[PDB]
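Notes for the one structure printed next.
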Amino acid sequence: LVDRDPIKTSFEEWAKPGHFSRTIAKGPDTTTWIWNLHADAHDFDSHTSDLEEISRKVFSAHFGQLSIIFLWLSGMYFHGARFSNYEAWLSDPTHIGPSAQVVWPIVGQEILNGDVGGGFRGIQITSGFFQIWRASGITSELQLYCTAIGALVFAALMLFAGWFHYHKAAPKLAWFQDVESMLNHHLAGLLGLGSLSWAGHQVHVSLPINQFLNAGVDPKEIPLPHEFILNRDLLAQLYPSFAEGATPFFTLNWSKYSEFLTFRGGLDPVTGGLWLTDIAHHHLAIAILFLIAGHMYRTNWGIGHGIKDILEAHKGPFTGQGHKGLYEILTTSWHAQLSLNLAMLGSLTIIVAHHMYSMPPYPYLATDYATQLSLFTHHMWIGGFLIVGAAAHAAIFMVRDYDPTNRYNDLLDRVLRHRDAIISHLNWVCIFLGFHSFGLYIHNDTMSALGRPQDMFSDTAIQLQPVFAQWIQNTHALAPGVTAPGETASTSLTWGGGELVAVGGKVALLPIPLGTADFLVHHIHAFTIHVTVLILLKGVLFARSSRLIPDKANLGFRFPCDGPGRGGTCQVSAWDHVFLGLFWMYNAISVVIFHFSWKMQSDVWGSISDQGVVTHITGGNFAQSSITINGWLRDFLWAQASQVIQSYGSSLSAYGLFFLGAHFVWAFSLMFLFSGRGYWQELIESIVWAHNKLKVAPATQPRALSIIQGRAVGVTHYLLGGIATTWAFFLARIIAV
Amino acid sequence: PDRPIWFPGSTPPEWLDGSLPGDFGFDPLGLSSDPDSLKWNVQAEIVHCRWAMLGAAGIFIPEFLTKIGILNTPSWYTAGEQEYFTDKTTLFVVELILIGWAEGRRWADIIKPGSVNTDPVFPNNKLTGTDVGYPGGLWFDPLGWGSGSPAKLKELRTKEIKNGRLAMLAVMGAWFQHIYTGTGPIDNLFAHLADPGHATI
Amino acid sequence: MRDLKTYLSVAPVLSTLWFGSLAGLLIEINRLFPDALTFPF
Amino acid sequence: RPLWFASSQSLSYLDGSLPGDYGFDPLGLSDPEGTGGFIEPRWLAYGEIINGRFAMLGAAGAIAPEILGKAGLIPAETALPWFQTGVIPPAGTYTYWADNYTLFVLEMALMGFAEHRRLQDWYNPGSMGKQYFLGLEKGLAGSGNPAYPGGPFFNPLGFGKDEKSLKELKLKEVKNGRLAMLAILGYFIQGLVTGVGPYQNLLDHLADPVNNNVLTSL
Ligand code: CLA
Ligand code: CLA
Ligand code: CLA
Ligand SMILES: CC(/C=C/C=C(C)/C=C/[C@@]12O[C@]1(C)C[C@@H](O)CC2(C)C)=C\C=C\C=C(C)\C=C\C=C(C)\C=C\[C@@]12O[C@]1(C)C[C@@H](O)CC2(C)C
């Protein structure tokens, strides 16, 4: 199912911009043509109506994405070998700050090459690559150079594959629609075999090298990874069970492998991370489970399941026919699959962000506060963006590919017939949550201002205790020995076990208390999430029609309005709902990251002394100061911003410059959001007049930006400015202290 | 159409029809698809060939005689670091002026053929050439072998082109050999002939 | 190739080349003569 | 005709034209729908024939110096196993009249000439007998079948005069090539797990089968 040489390789189409569209290829009468060229670059569905060609175009771009990712990985690995102090950091991870970037001295920018330890001058990095390299057994820079070379080779291979599968042998449509085979392969081979290979690498390389490192041996005296394979005596000395070979595995005497395959739980006191034996056992079990899961769906040999057969058998007295017809929708529309995958990926990213901080998987990662904060905020933002994109593409599918005549589905029909109740109930829930979550903050502020601290919602006057979460913490703290007999310690130290882990005089992790403030902040999170969901679902559900504009589907997915009639019809399209929900996503993620930062700085992170007294960074003021808006403004925003505003003249002045630059970018966006196109089109007419006077009027007539373009520019600049401000503030605050 | 090709069994590019001397249909990247680029590349190849042949002679003949002891000339690699009767920038300026006058008239013949064939000072003296790149005349063709039947001209120009390509390859090889081995080009040949099995990169 | 030369004359590529050369020239000029506040000649 | 693990899908296009055809294709790689790239029945047959011929050359080569060494015919310094004769220098090396990397370039040049001529025959049939090649292009014209070029160079003895005899010899060649490929896989994997010469493996097995065996080696 491939075609030989579908499209000739030529430079002819390079010299004719806009060849993908008939209208754009005509020529640039005005300046709107240039903007329209870029906005429709990757909309393959608008270029042609053939599903096979769209699938072939989609298949090739992923190869370019993979090549770009491989180039990025190659650069990251190469910079750590040539412009880094990784070897010096390896001998003292607790007193040296990782750095992998140096700057050329031209205009006085060499001040950014601050001292970081190990006789090195550079920029301190917070991506956590040093911990990953240490956990993999990497010791010298030659291995990093080899990894960079391999990544370059893989990027070249990906680029060649991308060219080949589009210009020499393009698969047919019947190849793409083999969902059962694709699922079987991506489950058994992509995931299970990868987990098995990583488990093997961890067993044979990471474990002995990491044990030698934790023993305190000089990294230059540790035997090379290949010495543990050729010389089984070394492994037998390290692990006696290796002397028996693979015989216990094939005789089901798996108890002999308990030395390097454990079920301990908790953190390693030496490094502050999870035990590597637990990780190896976890990867082995996950590989087995994924290998089993990949033999469910039917193929050329009869045995297995048919996804259509599974779907068609589920229906209920409330839902009618049920899931019949969903198989044909998901195997014919690219947008629905994209929306579902984007939503699932965003949720998974948020879950990963939440899980990484409380269960540190890398050595010397819990005590690196900047890395933890950066990873948390980065992954949360990525998850939010993916979640928004899911709804955007769901609306796109609803507008374009919906067709009840040939693709009828009962479940989709029933949802669209009672959307008013869903929207009204969601509106009521949002209003109730906003009143009963944010209103308690204003009450506390008013009572504090009036001089009545005894009438506030606080731990000392009127308690609002999160009794349900405390019960979960108590249950999980008592899990070992009762409901998890095979475990020695709890999964996390934050459950409330009472034990504290200190590495290098710093607090890695300890139980986290929950009080009245956590109740309020959690309900604030719920309120913001509910409002965002309301906006996106209202946008998706009313994409085709409404009581105001019955024929909204004919106007398309991205149109500005339908005139000033009916009192005003501004921003009625589904695109405008995504444009509006991006702001609320930004708001929710900012509140969440502020909560995380303040809570960790106030109740977890700190230093321990010889007598064992913990002194936190901010002194534990979160409980009594976060219950008012004035407290958030004073003890968090005003107090913690002194690091970034006093960074001039030092190696951290770049963050100080980025603070003001992001301020300017954020403030600059309000011009596009608060104004309209007619004023700017009328203003241009006067500017064109004087150019005509001096014979400098261009033939490409200048036109003001369209309404949609202006809204997009405004939202983009707004988001960029806000995120850059928060990034600069966080990094400047956390690197110094 | 029946001429030998660089890749037997393949099809030569359309713009290479075998009319030019030394034509084997080798143009994988199509750098001379349009005629103007073809003419410019032909002129550039001719100039590169002649310069390379002169350089190859001047590199290899002096180094051969030095090894056997007839002369005691220095290495071609370090011949630029000796001291001469004047500063090197003065020689460079004199060279720039002279070769600017020389190559300037060559540029005009390429753009507008048949316009620089007359002596500016003594109009009685003319160049007899008719093809771009082959000036002819008594100054450049004193022996009179440069005119005749088309077969003779094609044979001679093919010989010149092939010899020039070989000279270009030889000069690049000598430069890289001196970069890598750090020894004179003649010494490398004797080393290879001493132990052909092992005298290698 | 005529079509390859045509693609090199498009506005973004030409602008990128011009601005790269310009930035290189300015950086070299500032490297040769650093910390200039007044015109002394 | 006999069949070996044939299937309804496989039998729809394996009608027995090819030599050594038993209808064996469980994965359906020779399915002639949507052929392209390197997945094509003609290219697959050509690759099978070439791989079989090379394995036939390699199966005897990796064992010929070994058996004479134990037979006292060649000097013991040349009776090395295939994996120590210099293929993998870490596994062992032997000094020839030139270093290994120098031999590699000459081998690559000669094999490049040969394989490029063969590939250019495959792409456009009958081409190699046109251009002047030291006057040897008269006998390199081929025969129209890429895997069986024939001619005075590749068929000096003039074997296979009769069509049925040619069919029989093609069948024998295919069978021997498959057997040689299996033998080469056995060579590689036996060398991987035992670390000694395959002839030594056979001699050890003949010494006693119950003590030198898969149950005792693994
Ligand atoms: C797997 C991820 C993925 C994929 C494959 C797609 C694919 C697609 N999306 Mg999409 N989208 C995604 C995630 C994804 N999206 C997410 C997460 C969101 C939410 C933010 C959206 C929101 C979205 C909207 C709102 C729209 C699409 C549209 C489209 C389609 C046309 C794309 C196009 O023309 O863009 C062209 C690409 C660009 C113009 C590049 C944008 C430049 C960015 C925004 C600025 C970057 C700033 C940078 C840092 C500054 C440096 C500048 C430099 C020059 C100096 C295409 C099928 C469009 C569509 O289907 O219309 C019918 C459409 O209107 N998407
Ligand atoms: C060579 C082209 C050119 C010329 C001669 C002028 C000349 C003028 N412009 Mg102007 N302008 C240009 C391009 C040009 N503009 C472009 C491309 C833009 C869009 C960014 C503008 C935007 C603009 C505004 C908004 C205003 C003017 C105004 C003016 C007048 C006041 C003088 C001045 O310095 O204004 C300031 C000039 C600028 C800020 C322009 C920025 C410089 C541009 C980027 C240079 C680009 C040149 C272009 C690349 C040419 C390529 C040449 C190449 C093909 C060889 C003056 C008559 C003012 C006026 O009196 O109103 C009528 C005014 O308010 N211009
Ligand atoms: C006319 C071209 C030419 C010739 C005759 C030689 C000849 C020689 N080179 Mg050499 N070389 C050449 C070009 C050439 N080179 C070029 C272009 C480079 C740059 C990559 C080099 C780089 C190079 C190195 C680094 C070394 C040599 C060395 C040597 C000597 C040992 C043989 C060897 O290992 O060659 C190896 C040659 C190559 C790797 C280059 C490929 C050959 C080119 C493409 C020409 C091919 C020959 C030609 C097609 C056949 C017809 C011409 C024939 C009559 C000579 C030998 C005298 C070695 C030495 O010093 O000896 C002691 C040595 O260490 N060469
Ligand atoms: C041209 C050249 C290289 C050629 C490159 C090739 C084959 C490219 C081929 C292709 O393009 C084609 C055909 C078609 C395309 O589709 C594909 C490619 C593959 C791209 C080498 C040398 C080119 C140029 C050379 C040889 C220069 C010579 C130098 C001289 C004269 C030196 C003289 C002196 O040495 C003396 C005499 C004495 C000393 O003391 C002083 C000095 C000054 C050092």
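Labels used: A, B, ... for chains in the order of the structure tokens, numbers from 1 for residues in each chain, and numbers from 1 for ligands as shown.
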
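Distance criterion 12 Å to chain D, applied with only C-alpha atoms, yields residues 1, 2, 3, 4, 5, 6, 164, 165, 166, 167, 168, 169, 170, 171, 172, 173, 174, 175, 245, 246, 247, 250, 299, 300 and 301 of chain A on chain A.
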
Can those selected residues be exported to a file as a short mmCIF file (atom, residue, chain, number, x, y, z; two decimals), in the first residue's frame so that it contains C-alpha atoms?
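Output below, filename selection.cif:
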data_model
loop_
_atom_site.label_atom_id
_atom_site.label_comp_id
_atom_site.auth_asym_id
_atom_site.auth_seq_id
_atom_site.Cartn_x
_atom_site.Cartn_y
_atom_site.Cartn_z
CA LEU A 1 0.00 0.00 0.00
CA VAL A 2 2.50 2.62 -1.22
CA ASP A 3 2.80 4.72 -4.37
CA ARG A 4 6.01 5.04 -6.38
CA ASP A 5 7.20 8.66 -6.85
CA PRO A 6 3.95 10.61 -6.28
CA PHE A 164 11.66 9.53 1.42
CA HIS A 165 8.17 8.72 2.68
CA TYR A 166 6.78 11.75 0.83
CA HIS A 167 8.75 11.96 -2.43
CA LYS A 168 9.64 8.32 -3.16
CA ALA A 169 7.14 5.95 -1.50
CA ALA A 170 4.02 7.44 0.10
CA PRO A 171 1.70 4.98 1.90
CA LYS A 172 -1.89 4.60 0.75
CA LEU A 173 -4.97 5.52 2.77
CA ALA A 174 -5.70 1.89 3.71
CA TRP A 175 -2.31 1.76 5.45
CA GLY A 245 23.35 -16.38 36.16
CA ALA A 246 19.92 -16.64 34.57
CA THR A 247 19.14 -20.04 36.10
CA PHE A 250 14.05 -19.87 34.21
CA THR A 299 -5.00 -8.83 12.95
CA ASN A 300 -4.49 -11.15 9.98
CA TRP A 301 -4.56 -14.24 12.23
#

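In chain B, the set of residues within 6 Å of chain D (atoms considered: only C-alpha atoms) is residues 9, 197 and 198 of chain B.
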
Same residues, N, CA and C atoms, saved as a PDB file, in the first residue's frame:
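Okay, again_15.pdb is ready:
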ATOM      1  N   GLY B   9      25.391   3.735 -18.482  1.00  0.00           N
ATOM      2  CA  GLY B   9      24.024   3.303 -18.304  1.00  0.00           C
ATOM      3  C   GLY B   9      23.063   4.376 -17.845  1.00  0.00           C
ATOM      4  N   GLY B 197      52.518  -1.310   1.515  1.00  0.00           N
ATOM      5  CA  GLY B 197      51.490  -1.892   2.361  1.00  0.00           C
ATOM      6  C   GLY B 197      51.137  -1.026   3.554  1.00  0.00           C
ATOM      7  N   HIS B 198      52.142  -0.414   4.187  1.00  0.00           N
ATOM      8  CA  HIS B 198      51.943   0.274   5.454  1.00  0.00           C
ATOM      9  C   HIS B 198      52.109   1.786   5.395  1.00  0.00           C
TER      10      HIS B 198
END

task = Give as JSON, numbers by chain the residues surrounding ligand 1 up to a distance of 10 Å, considering only C-alpha atoms and all ligand atoms.
result = {"A": [35, 36, 37, 38, 39, 40, 41, 42, 43, 44, 45, 46, 58, 61, 62, 334, 335, 338, 339, 341, 342, 343, 345, 346, 382, 383, 384, 385, 386, 387, 388, 389, 390, 391, 392, 393, 395, 396, 397, 399, 400, 556, 557, 558, 574, 575, 576, 577, 578, 579, 581, 582, 708, 712, 713, 715, 716, 717, 720]}

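DSSP on the backbone gives strand (DSSP E or B) for these parts of chain B: residues 118, 126, 131 and 134 of chain B.
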
Pull N, CA, C and O atoms from the residues just selected and write them as a PDB file, in the first residue's frame.
ATOM      1  N   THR B 118      42.082  45.071 -29.674  1.00  0.00           N
ATOM      2  CA  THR B 118      42.959  46.039 -30.316  1.00  0.00           C
ATOM      3  C   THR B 118      43.911  46.656 -29.301  1.00  0.00           C
ATOM      4  O   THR B 118      43.544  46.909 -28.150  1.00  0.00           O
ATOM      5  N   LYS B 126      46.883  43.466 -33.358  1.00  0.00           N
ATOM      6  CA  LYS B 126      45.572  42.930 -33.021  1.00  0.00           C
ATOM      7  C   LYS B 126      45.705  41.484 -32.565  1.00  0.00           C
ATOM      8  O   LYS B 126      46.682  40.799 -32.872  1.00  0.00           O
ATOM      9  N   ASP B 131      37.255  32.921 -30.204  1.00  0.00           N
ATOM     10  CA  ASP B 131      36.473  32.261 -29.167  1.00  0.00           C
ATOM     11  C   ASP B 131      36.793  32.870 -27.809  1.00  0.00           C
ATOM     12  O   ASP B 131      37.940  33.248 -27.548  1.00  0.00           O
ATOM     13  N   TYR B 134      39.991  31.776 -25.409  1.00  0.00           N
ATOM     14  CA  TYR B 134      41.147  31.418 -26.229  1.00  0.00           C
ATOM     15  C   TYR B 134      41.569  32.657 -27.008  1.00  0.00           C
ATOM     16  O   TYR B 134      41.236  32.811 -28.189  1.00  0.00           O
TER      17      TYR B 134
END

task = Return as JSON, numbers by chain the residues belonging to chain B that are within 9 Å of chain C, counting only C-alpha atoms.
result = {"B": [30, 31, 32, 33, 34, 37]}

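Using only C-alpha atoms, we find that the part of chain C lying within 9 Å of chain A comprises residues 1, 3, 4, 5, 6, 7, 8, 10, 27, 30, 31, 34 and 35 of chain C.
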
Quick one: write out the picked residues with N, CA and C atoms as a PDB file, in the first residue's frame?
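Resulting contents of part-v1.pdb:
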ATOM      1  N   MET C   1      20.945  27.307 -10.827  1.00  0.00           N
ATOM      2  CA  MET C   1      19.515  27.148 -11.056  1.00  0.00           C
ATOM      3  C   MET C   1      18.786  28.481 -10.921  1.00  0.00           C
ATOM      4  N   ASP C   3      15.534  28.929 -10.525  1.00  0.00           N
ATOM      5  CA  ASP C   3      14.517  28.869  -9.480  1.00  0.00           C
ATOM      6  C   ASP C   3      15.143  28.927  -8.093  1.00  0.00           C
ATOM      7  N   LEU C   4      16.366  28.414  -7.949  1.00  0.00           N
ATOM      8  CA  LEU C   4      17.064  28.530  -6.673  1.00  0.00           C
ATOM      9  C   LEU C   4      17.501  29.966  -6.416  1.00  0.00           C
ATOM     10  N   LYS C   5      17.965  30.660  -7.459  1.00  0.00           N
ATOM     11  CA  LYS C   5      18.342  32.061  -7.308  1.00  0.00           C
ATOM     12  C   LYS C   5      17.127  32.930  -7.013  1.00  0.00           C
ATOM     13  N   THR C   6      15.967  32.569  -7.569  1.00  0.00           N
ATOM     14  CA  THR C   6      14.748  33.321  -7.289  1.00  0.00           C
ATOM     15  C   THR C   6      14.363  33.218  -5.818  1.00  0.00           C
ATOM     16  N   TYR C   7      14.522  32.033  -5.225  1.00  0.00           N
ATOM     17  CA  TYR C   7      14.193  31.856  -3.814  1.00  0.00           C
ATOM     18  C   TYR C   7      15.146  32.610  -2.895  1.00  0.00           C
ATOM     19  N   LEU C   8      16.365  32.898  -3.347  1.00  0.00           N
ATOM     20  CA  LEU C   8      17.297  33.668  -2.536  1.00  0.00           C
ATOM     21  C   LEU C   8      16.997  35.159  -2.548  1.00  0.00           C
ATOM     22  N   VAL C  10      13.864  36.368  -2.217  1.00  0.00           N
ATOM     23  CA  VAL C  10      12.648  36.631  -1.460  1.00  0.00           C
ATOM     24  C   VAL C  10      12.984  37.490  -0.246  1.00  0.00           C
ATOM     25  N   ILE C  27      29.371  44.389  15.441  1.00  0.00           N
ATOM     26  CA  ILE C  27      30.037  43.713  16.549  1.00  0.00           C
ATOM     27  C   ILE C  27      31.548  43.822  16.407  1.00  0.00           C
ATOM     28  N   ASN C  30      32.637  47.432  17.258  1.00  0.00           N
ATOM     29  CA  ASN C  30      32.666  47.650  18.700  1.00  0.00           C
ATOM     30  C   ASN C  30      33.776  46.863  19.384  1.00  0.00           C
ATOM     31  N   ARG C  31      34.158  45.708  18.834  1.00  0.00           N
ATOM     32  CA  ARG C  31      35.280  44.961  19.392  1.00  0.00           C
ATOM     33  C   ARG C  31      36.593  45.703  19.184  1.00  0.00           C
ATOM     34  N   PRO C  34      36.188  49.760  21.636  1.00  0.00           N
ATOM     35  CA  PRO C  34      35.190  49.641  22.701  1.00  0.00           C
ATOM     36  C   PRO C  34      35.044  50.918  23.514  1.00  0.00           C
ATOM     37  N   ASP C  35      33.861  51.064  24.114  1.00  0.00           N
ATOM     38  CA  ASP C  35      33.553  52.149  25.049  1.00  0.00           C
ATOM     39  C   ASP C  35      33.760  53.520  24.401  1.00  0.00           C
TER      40      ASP C  35
END

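Each residue with an atom within 10 Å of any atom of ligand 2 appears in the list, which was built counting only C-alpha atoms and all ligand atoms: residues 683, 684, 685, 686, 687, 688, 689, 690, 691, 692, 693, 694, 695, 696, 697, 698 and 702 of chain A; 11 and 15 of chain C.
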
message = To check your reading of the model: which residues sit at most 10 Å from ligand 3 when counting only C-alpha atoms and all ligand atoms? Write the answer as a VMD selection string.
response = (chain B and resid 165 to 201) or (chain D and resid 102 105)

request  = Please give me, as a count of residues only, the residues lying within 7 Å of ligand 4 when counting only C-alpha atoms and all ligand atoms.
outcome  = 24

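In this structure, CA of residue 4 (chain B) sits 12.8 Å away from CA of residue 21 (chain B).
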
task = Please return as a PyMOL selection string: the residues of region 575-721 of chain A that backbone DSSP assigns to alpha helix (DSSP H).
result = chain A and resi 575-603+622-625+629-631+639-640+642-645+653-668+670-674+677-693+707-721

Residues from the last selection, C-alpha atoms, saved as a CSV table (one decimal), in the first residue's frame:
chain,number,residue,atom,x,y,z
A,575,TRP,CA,-12.2,30.7,17.8
A,576,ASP,CA,-13.1,33.6,20.1
A,577,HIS,CA,-13.9,31.2,22.9
A,578,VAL,CA,-10.4,29.7,22.8
A,579,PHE,CA,-9.1,33.3,22.6
A,580,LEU,CA,-11.0,34.0,25.8
A,581,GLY,CA,-10.2,30.8,27.6
A,582,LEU,CA,-6.4,31.3,27.2
A,583,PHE,CA,-6.6,34.2,29.7
A,584,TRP,CA,-8.4,32.0,32.3
A,585,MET,CA,-5.9,29.2,31.8
A,586,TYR,CA,-3.1,31.7,32.4
A,587,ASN,CA,-4.8,32.9,35.6
A,588,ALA,CA,-5.3,29.4,37.0
A,589,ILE,CA,-1.8,28.3,36.3
A,590,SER,CA,-0.3,31.5,37.8
A,591,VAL,CA,-2.4,31.0,41.0
A,592,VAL,CA,-1.3,27.3,41.2
A,593,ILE,CA,2.4,28.1,40.7
A,594,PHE,CA,2.3,30.9,43.3
A,595,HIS,CA,0.6,28.5,45.8
A,596,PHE,CA,3.3,25.8,45.1
A,597,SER,CA,6.2,28.3,45.4
A,598,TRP,CA,5.0,29.9,48.7
A,599,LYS,CA,4.0,26.6,50.3
A,600,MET,CA,7.3,24.9,49.5
A,601,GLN,CA,9.4,27.9,50.6
A,602,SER,CA,7.4,28.3,53.8
A,603,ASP,CA,6.8,24.8,55.0
A,622,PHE,CA,2.2,30.7,55.1
A,623,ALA,CA,-0.4,29.6,57.6
A,624,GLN,CA,-1.3,33.0,59.1
A,625,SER,CA,-0.4,35.4,56.2
A,629,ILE,CA,-5.1,39.4,49.8
A,630,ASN,CA,-2.9,42.0,51.6
A,631,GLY,CA,-0.8,39.1,52.9
A,639,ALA,CA,9.1,40.6,50.1
A,640,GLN,CA,10.3,38.1,47.6
A,642,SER,CA,13.9,42.2,46.4
A,643,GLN,CA,16.2,39.6,44.8
A,644,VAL,CA,15.3,40.6,41.2
A,645,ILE,CA,15.2,44.4,41.7
A,653,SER,CA,21.3,41.2,36.1
A,654,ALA,CA,19.9,39.4,33.1
A,655,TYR,CA,16.9,38.4,35.2
A,656,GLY,CA,16.5,42.1,36.2
A,657,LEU,CA,16.6,43.2,32.6
A,658,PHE,CA,14.0,40.5,31.6
A,659,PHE,CA,11.7,41.6,34.5
A,660,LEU,CA,11.4,45.1,32.9
A,661,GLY,CA,11.4,43.7,29.3
A,662,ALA,CA,8.5,41.4,30.2
A,663,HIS,CA,6.7,44.3,31.9
A,664,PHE,CA,7.0,46.3,28.7
A,665,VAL,CA,5.8,43.4,26.5
A,666,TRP,CA,2.8,42.7,28.7
A,667,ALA,CA,1.8,46.4,28.8
A,668,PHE,CA,2.3,46.7,25.1
A,670,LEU,CA,-3.2,46.3,25.7
A,671,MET,CA,-3.1,48.5,22.6
A,672,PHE,CA,-4.3,45.7,20.4
A,673,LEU,CA,-6.9,44.4,22.9
A,674,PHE,CA,-8.6,47.8,23.8
A,677,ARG,CA,-9.3,48.4,13.3
A,678,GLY,CA,-11.2,51.4,11.9
A,679,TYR,CA,-9.1,53.9,13.8
A,680,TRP,CA,-5.8,52.4,12.5
A,681,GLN,CA,-7.1,52.1,9.0
A,682,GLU,CA,-8.1,55.8,9.0
A,683,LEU,CA,-4.8,56.8,10.5
A,684,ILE,CA,-2.8,55.0,7.8
A,685,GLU,CA,-4.6,57.0,5.1
A,686,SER,CA,-2.9,60.2,6.4
A,687,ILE,CA,0.5,58.5,6.5
A,688,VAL,CA,0.1,57.2,2.9
A,689,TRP,CA,-0.7,60.8,1.8
A,690,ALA,CA,2.7,62.2,2.5
A,691,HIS,CA,4.4,59.2,0.9
A,692,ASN,CA,2.5,60.0,-2.3
A,693,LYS,CA,3.7,63.5,-2.0
A,707,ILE,CA,-9.8,41.8,13.7
A,708,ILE,CA,-8.8,38.1,14.3
A,709,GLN,CA,-5.1,39.0,13.7
A,710,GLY,CA,-5.3,41.8,16.2
A,711,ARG,CA,-6.9,39.6,18.9
A,712,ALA,CA,-4.3,36.9,18.3
A,713,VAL,CA,-1.4,39.4,18.5
A,714,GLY,CA,-2.9,40.9,21.7
A,715,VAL,CA,-3.3,37.5,23.4
A,716,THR,CA,0.1,36.3,22.3
A,717,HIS,CA,1.9,39.4,23.7
A,718,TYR,CA,-0.1,39.3,26.9
A,719,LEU,CA,0.8,35.7,27.6
A,720,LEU,CA,4.4,36.1,26.6
A,721,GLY,CA,4.8,39.2,28.9

request  = Extract, using only C-alpha atoms, all DNA, RNA and protein residues at most 10 Å from region 226-239 of chain A, discarding same-chain residues fewer than 6 positions from it, and format them as number ranges by chain.
outcome  = A: 204-205, 207-209, 211-212, 245, 257, 259-260
